[PDB]
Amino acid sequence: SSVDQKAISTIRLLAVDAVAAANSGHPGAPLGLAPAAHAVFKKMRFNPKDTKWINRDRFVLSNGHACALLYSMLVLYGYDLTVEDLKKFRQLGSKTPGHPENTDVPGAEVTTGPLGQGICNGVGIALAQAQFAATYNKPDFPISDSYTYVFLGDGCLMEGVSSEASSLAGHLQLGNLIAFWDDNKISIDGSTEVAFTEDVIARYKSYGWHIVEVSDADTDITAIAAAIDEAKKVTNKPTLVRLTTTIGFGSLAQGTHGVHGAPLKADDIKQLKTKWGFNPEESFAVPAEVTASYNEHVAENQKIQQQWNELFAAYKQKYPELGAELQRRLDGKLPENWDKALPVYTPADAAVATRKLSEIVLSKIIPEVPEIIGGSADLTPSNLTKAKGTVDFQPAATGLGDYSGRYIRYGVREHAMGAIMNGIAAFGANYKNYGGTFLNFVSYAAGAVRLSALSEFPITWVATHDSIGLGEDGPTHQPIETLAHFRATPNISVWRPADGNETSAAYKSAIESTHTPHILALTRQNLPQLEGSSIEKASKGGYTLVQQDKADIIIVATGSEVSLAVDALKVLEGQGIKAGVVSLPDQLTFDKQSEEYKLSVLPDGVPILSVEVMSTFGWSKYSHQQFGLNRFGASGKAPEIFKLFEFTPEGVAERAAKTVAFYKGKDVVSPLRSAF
């Protein structure tokens, strides 16, 4: 019956009432975690009226099904979310969707719900904060000193992605990361004894985390606050706080799987209210004393931000160049004319693999754009992702790098790399971050990649060894389905550049992006510089490489197959067939061009054949016939594999000639046309 106790009851009952109104959602974890949420938010620095303050503490709800809890906190603190929004929990079009979405929910830093992601996002927010602080802080100028608080449950701890990120976070000594495990011994299938009997705490010690255990987290907010204070004293380890809770605390059904994921019974809600001093006839109650208490904390936080703004002004006076850089980044702007650093090629230049062209781009743009950081999942000398002369992001205590470093050694951890990249993007400050692996193993990170798209984060995958062109490693390494998968996902730019100019256009798009993740599919093998390519034309996503006003056929291709199409054009000329060539380095960018531009590239009245050594899925958007690879690859020298599958100038020409013959006497309209 203190104000703190009343606040905790208010949180619990708002969450339960939201689930009740929707007749859908998850009351168990909100009931169990309300004390911890109250305690953590009271320690956090944040401004509900400025969700982007760069020195705010960040909170991540990794157990995203518990979002009625998050929404209740945001409402109580006066974010741009109200009780009326809570009444619309899980209703079409509301600001309170069934799992939190950063695009829709003020105060949701990331999109969670798919288990394991949020803790990894928290690792990335903390990684970014450490890099940012190392870049900008000066004596008497703690520009960045914020913490990252993460709630997670048993499901997050079972998902392998969280193990990857936790191993890495311990290695990186990320002392401003404080995670809280909802140790409630229940998941959907019942007791954790049925599937999850590991010693979690011993595992986290093995990663180099600090541990604090709170044995009565249903009530002991003093101990939760003390655990935070303890964690802040351990500056060289991330901390895991074990919150031993009862799922559904207070419910008649507390401590059971039934309270995880379905609305409580009406009589249960009544007894909750009466036990805690609330009116069982009232829903969505917000006692004004709770509002007052929370408003006091907001007002204090706003005074902290006000002082930070003055610190920043003084920083700009003392450190004019760093201050201007920081201001530009907080405004969301890249350096003026940064793109003049992009390499440009001519057809007289030598053939180069697009992985090597990518290395060259990075080596030119990293010195010009400080907000670029990135790494590789143990493939640095293969993906070619590190610029010479940069230092790795490591704790200085290791001697292996510094937090001011710009290159991240992710280890063999693609999925966590993907989710950490999302967290780096979520930090803000214009970070443009990237992660390298082989294209076929981007698939290990599909859970996170999809969330990059849904969350609208401008992350970049440097995805080398894109096809059978990699050769001898064979079919376990050779993508077939991978581009189709990601192209079929909304809001993913999938660049497959053919040459030096196209590779620079791909990076221009990836770095300028503010709302769209990028995958750059890059070759092991050398490709020629194309006659007709440029950054300008490739920036349109698709363009006419070879214009033929009397074309019998247009060949549309990507990447390594554009040069193949150009060679096929010459074979076809000897057969009396005139071809044009279209290069389609990014289907999403192309799709976003005007209808008239797109029709200038893929006109009516001419058959169009696509060529790409991967799945034919998607290609009918742009072509009448498709020459692709819809079977697994082979282990051998790459030129021999191309010959086996007839991806040769003669093989393409044969299929082009068959396409011309198939449409003889038919009326052909652009693949871009549709009935609706």
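Residue numbers run from 1 along the displayed sequence. By rigid core we mean the largest C-alpha set that fits within 1.5 Å across both forms.
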(message) So, in 6 other deposited structures of this protein, taking the root mean square over structures and residues of the Cα distances after a rigid core fit: is 519 to 527 or 377 to 385 the more displaced stretch?
(response) 377 to 385
(message) Tell me which stretch, 446 to 454 or 332 to 340, has the higher mean Cα B-factor listed in the entry.
(response) 332 to 340
(message) Quick check: 28 to 36 versus 639 to 647, which has the larger average CA B-factor in the record?
(response) 639 to 647
(message) In terms of recorded Cα temperature factor, pick the maximum from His260, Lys205, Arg242, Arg496.
(response) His260
(request) Could you tell me which one of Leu76, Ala350, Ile373, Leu439 shows the highest CA temperature factor in the PDB record? (result) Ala350
(request) Would you mind checking where the Cα B-factor of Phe132 ranks among the modelled residues of its chain, as the lowest, middle or highest third? (result) lowest
(request) Place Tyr315 in the lowest, middle or highest third of its chain's C-alpha B-factors, as listed in the PDB entry. (result) highest
(request) Divide the modelled residues of the chain into thirds by Cα B-factor and specify which third, lowest, middle or highest, holds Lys43. (result) highest
(request) Comparing against every modelled residue in the chain, figure out the third that the C-alpha B-factor of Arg631 lands in (lowest, middle or highest). (result) middle
(request) Using the B-factor values recorded in the entry, state whether the Cα atom of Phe89 falls in the lowest, middle or highest third among the modelled residues of its chain. (result) middle
